[PDB]
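Inspection log for the structure reproduced underneath, given as structure tokens.
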Amino acid sequence: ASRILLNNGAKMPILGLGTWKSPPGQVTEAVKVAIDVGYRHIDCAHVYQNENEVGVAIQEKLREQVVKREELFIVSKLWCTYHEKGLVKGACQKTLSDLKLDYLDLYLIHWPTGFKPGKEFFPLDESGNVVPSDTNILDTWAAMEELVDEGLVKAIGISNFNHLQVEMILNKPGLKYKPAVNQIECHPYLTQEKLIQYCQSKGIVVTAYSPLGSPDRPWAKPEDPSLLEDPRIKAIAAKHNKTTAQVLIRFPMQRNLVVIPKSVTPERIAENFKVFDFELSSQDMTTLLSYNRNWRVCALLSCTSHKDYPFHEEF
Ligand SMILES: NC(=O)c1ccc[n+]([C@@H]2O[C@H](COP(=O)([O-])OP(=O)(O)OC[C@H]3O[C@@H](n4cnc5c(N)ncnc54)[C@H](OP(=O)(O)O)[C@@H]3O)[C@@H](O)[C@H]2O)c1
Ligand SMILES: O=C(O)Cc1nn(Cc2nc3cc(C(F)(F)F)ccc3s2)c(=O)c2ccccc12
């Protein structure tokens, strides 16, 4: 099955195209190719600095009548410098304008941490610590609920929230809409059993990011583990006559997760979509689960003293 039912009553394609690090001169053609070969979900963010160009592709394929808007599922995220209640509508409308859309299917709080508002995405003090904003997750959430009530977004969610932060929203005084999705890092080196079961127990759909371990992350180091080159995963791929990436994409799919691998390579964009015609065994699943090492691609040191930093917590 190609889509999962969200708690807002809408259906979300379980495979999406990621766009973090997709160069602006290549992401328009990447998104056009993806839509041509089947993708119907694009994961976006203002902080990726490429929403305009993603938007050009979406709008051309709509104008070409390759797809109807209702068949697309477009996701973006509120960046950390816009957590203030007074900045949230603007930030969403900048994304909508850039994407050439009149609504988003899902809008996420990108990170639980608010940063000082300004031009800078990562405002730092002279010692390199991120500068927080005094905003809290619950007031930001109410601001997200208003976007639903204005028709600018069909669903709201969170990203990089730990289980205590998820629980804080769920127990928020006067909560009007539950989060639909929690988008978190997840792959065989960061399997997240604990956080995923909590979220699913609550009817919150989990989207797995960096499912290939983000080989193009700009801070990669030689000693870091490498999913795509792990002989153990390679062997599972060979047994199935599939690529390693294809195993790494199908793995979250069978955990009832949405997965959003990124590429700007047309061959890989296509390859990455060809994951609905095979199955990993239970044993494969448990074997891949066993590779966990609590290894994170995304956990920037300069943010670790923020009050709301999500990754000190066990969950
Ligand atoms: N919510 C958040 O905080 C958050 C954080 C991180 C990521 N995300 C989202 O999740 C998406 C996916 O994560 P990611 O970008 O970190 O990394 P990823 O999808 O794990 O890996 C992307 C890398 O894999 C390469 N690649 C793609 N398909 C391949 C294939 N079939 N074979 C071999 N290599 C392949 C890509 O190369 P080419 O592009 O050169 O083909 C790129 O270098 C992001 O782009 C973003 O949309 C969200
Ligand atoms: O953001 C993306 O989608 C990809 C992403 N990840 N990271 C690593 C990060 N680690 C964080 C940790 C916190 C924290 F909440 F933990 F404080 C807050 C914010 C961040 S950004 C980046 O530094 C980044 C920079 C530009 C564009 C995208 C990203």
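Position 112 (the sequence shown) corresponds to 112 in the entry's author numbering; numbering is contiguous. All C-beta atoms in this analysis are idealised placements derived from N, C-alpha and C, irrespective of residue type, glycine included.
#### Entry: Element boundaries [alpha helix (DSSP H), containing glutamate 167]
Here residue 167 corresponds to residue number 167 of the sequence shown, with the count starting at 1. 163–170 is the extent of the alpha helix (DSSP H) around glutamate 167.
### Query
With DSSP run on the structure shown, which of helix, strand or coil describes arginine 250?
Stepping through the sequence shown from its first residue, residue 250 is reached at position 250. In this structure, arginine 250 counts as helix in the three-state DSSP scheme.
### Query
If you run the structure through DSSP and keep just helix, strand and coil, what is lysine 32?
Numbered from its first residue, the sequence shown carries residue 32 at position 32. The answer is helix: DSSP assigns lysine 32 an H, G or I state.
### Task
Consult DSSP for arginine 3 and reduce its assignment to one of helix, strand or coil.
Locating residue 3 in the sequence shown gives position 3, counting from the first residue. DSSP places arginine 3 in strand when its eight states are reduced to three.
### Message
Our contact map puts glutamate 313 next to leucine 164 with C-beta atoms below 8 Å; I'd like the distance itself, whole angstroms only.
### Response
Position 313 of the sequence shown, counted from the first residue, corresponds to residue 313. Position 164 of the sequence shown, counted from the first residue, corresponds to residue 164. Contact check for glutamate 313 and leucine 164: beta-carbon distance about 6 Å, within the 8 Å limit, so the pair qualifies.
### Task
Taking the CB atoms as reference points, tell me whether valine 37 and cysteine 44 lie closer together than 8 Å.
Locating residue 37 in the sequence shown gives position 37, counting from the first residue. Locating residue 44 in the sequence shown gives position 44, counting from the first residue. With a cutoff of 8 Å on beta-carbon distance, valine 37 and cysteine 44 are scored as not near each other.
### Span of the alpha helix (DSSP H) around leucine 289
Locating residue 289 in the sequence shown gives position 289, where the first residue counts as 1. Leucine 289: member of the alpha helix (DSSP H) spanning 282–289, first to last residue.
### CB contact flag (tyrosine 107, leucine 78, <8 Å)
Sequence index remark: in the sequence shown, residue 107 carries index 107 (1-based). Sequence index remark: in the sequence shown, residue 78 carries index 78 (1-based). Against a cut-off of 8 Å, the Cβ pair of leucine 78 and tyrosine 107 comes out as a contact.
#### Entry: Separation of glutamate 126 from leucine 6, as counted between CA atoms
Against the sequence shown, residue 6 aligns to sequence position 6. Against the sequence shown, residue 126 aligns to sequence position 126. Between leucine 6 and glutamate 126, the C-alpha separation is close to 43 Å.
### Query
For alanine 245, is the beta carbon positioned less than 7 Å from some heavy atom of ligand 1?
Locating residue 245 in the sequence shown gives position 245, where the first residue counts as 1. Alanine 245: yes, Cβ under 7 Å from ligand 1.
### Query
Per DSSP, what kind of secondary structure is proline 123 in: helix, strand or coil?
Position 123 of the sequence shown, counting from 1, holds the residue named residue 123. In the structure shown, the three-state DSSP call for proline 123 is coil.
### Message
Which residue wins for smallest C-alpha separation from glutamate 271, given the options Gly9, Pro13, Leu190, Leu17?
### Response
By 1-based counting over the sequence shown, the position of residue 271 is 271. The shortest C-alpha separation from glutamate 271 is found at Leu17.
### Query
Should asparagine 160 be counted as a contact of ligand 2 given a C-beta to heavy atom distance under 7 Å?
Within the sequence shown, the letter at position 160 stands for residue 160. Checking the Cβ of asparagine 160 against ligand 2 gives yes.
### Query
DSSP state of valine 264, grouped into three classes?
For the purposes of this step, residue 264 is taken as the residue at position 264 of the sequence shown. Three-state result, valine 264: coil.
### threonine 113 classed as buried or exposed, judged by whether at least 16 other C-beta atoms fall within 10 angstroms
Position 113 of the sequence shown holds residue 113. Counting every other CB atom within 10 Å of its CB across the protein chains shown gives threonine 113 a total of 16 or more, marking it as buried.
### Query
Between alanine 180 and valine 75, what straight-line distance do the alpha-carbon atoms span, to the nearest angstrom?
Position 180 of the sequence shown, counted from the first residue, corresponds to residue 180. Position 75 of the sequence shown, counted from the first residue, corresponds to residue 75. Between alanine 180 and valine 75, the C-alpha separation is close to 12 Å.
### Task
Tell me whether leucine 17 sits in a helix, a strand or coil according to DSSP, three-state version.
Taking the first residue of the sequence shown as position 1, residue 17 is located at position 17. In the structure shown, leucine 17 sits in a strand (DSSP, three-state: E or B).
#### Entry: Alpha carbon of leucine 289 to alpha carbon of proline 188, nearest angstrom
The count along the sequence shown starts at 1 and reaches residue 289 at position 289. The count along the sequence shown starts at 1 and reaches residue 188 at position 188. Whole-angstrom Cα-Cα distance: 6 Å.
### Message
Buried or exposed, going by whether 16 or more other CB atoms sit within 10 Å of the CB of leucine 190?
### Response
Here residue 190 refers to the residue found at position 190 of the sequence shown. By the 10 Å Cβ count, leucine 190 comes out buried.
### Message
Rounded to whole angstroms, what is the Cα-Cα separation between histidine 240 and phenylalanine 278?
### Response
Walking along the sequence shown from the start, residue 240 turns up at place 240. Walking along the sequence shown from the start, residue 278 turns up at place 278. Whole-angstrom Cα-Cα distance: 8 Å.
### Task
Express the C-alpha separation of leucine 96 and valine 27 in angstroms, rounding to a whole number.
Within the sequence shown, numbered from 1, the residue matching residue 27 stands at position 27. Within the sequence shown, numbered from 1, the residue matching residue 96 stands at position 96. A direct Cα-Cα distance of roughly 17 Å separates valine 27 from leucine 96.
### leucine 190 - partner residues in DSSP beta bridges
Position 190 of the sequence shown, counting from 1, holds the residue named residue 190. Under the DSSP definition of a beta bridge, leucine 190 partners with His187.
### Query
For the candidate residues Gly118, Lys11, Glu60, whose alpha-carbon lies nearest to that of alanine 30?
For the purposes of this step, residue 30 is taken as residue 30 along the sequence shown, with counting starting at 1. In terms of CA proximity to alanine 30, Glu60 leads the group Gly118, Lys11, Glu60.
### Query
Which one of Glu84, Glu70, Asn52, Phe121 has the shortest CA to CA distance from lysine 100?
Counting from 1 along the sequence shown, the entry for residue 100 is found at position 100. Checked all of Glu84, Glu70, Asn52, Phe121; the closest Cα to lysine 100 is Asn52.
### Message
Output needed for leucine 280: all residues of its chain with C-beta closer than 8 Å, excluding positions within five of it in sequence on either side, in chain order.
### Response
In the sequence shown, the residue the question calls residue 280 occupies position 280. In chain order, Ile236, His240, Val247, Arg250, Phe251, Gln254, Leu288 place their CB closer than 8 Å to the CB of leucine 280, counting only its own chain and leaving out the 5 sequence neighbours on each side.
### Query
Out of curiosity, what's the CA-to-CA distance linking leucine 227 and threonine 244?
In the sequence shown, residue 227 corresponds to position 227, counting from 1. In the sequence shown, residue 244 corresponds to position 244, counting from 1. The C-alpha of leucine 227 lies about 8 Å from the C-alpha of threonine 244.
### Message
Contact between the segment 190–205 and the segment 135–143 is defined here as three or more beta-carbon pairs at a separation below 8 Å; is this criterion met?
### Response
They do not touch, by the three-pair rule.
### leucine 301 - containing beta strand (DSSP E), residue span
Taking the first residue of the sequence shown as position 1, residue 301 is located at position 301. Boundaries for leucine 301: no beta strand (DSSP E) harbours it, and the DSSP string shows neither H nor E there.
### Task
Can you grab the Cα-Cα spacing for the pair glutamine 200 / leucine 15, in whole Å?
Sequence index remark: in the sequence shown, residue 200 carries index 200 (1-based). Sequence index remark: in the sequence shown, residue 15 carries index 15 (1-based). For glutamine 200 and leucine 15, the distance between alpha carbons rounds to 18 Å.
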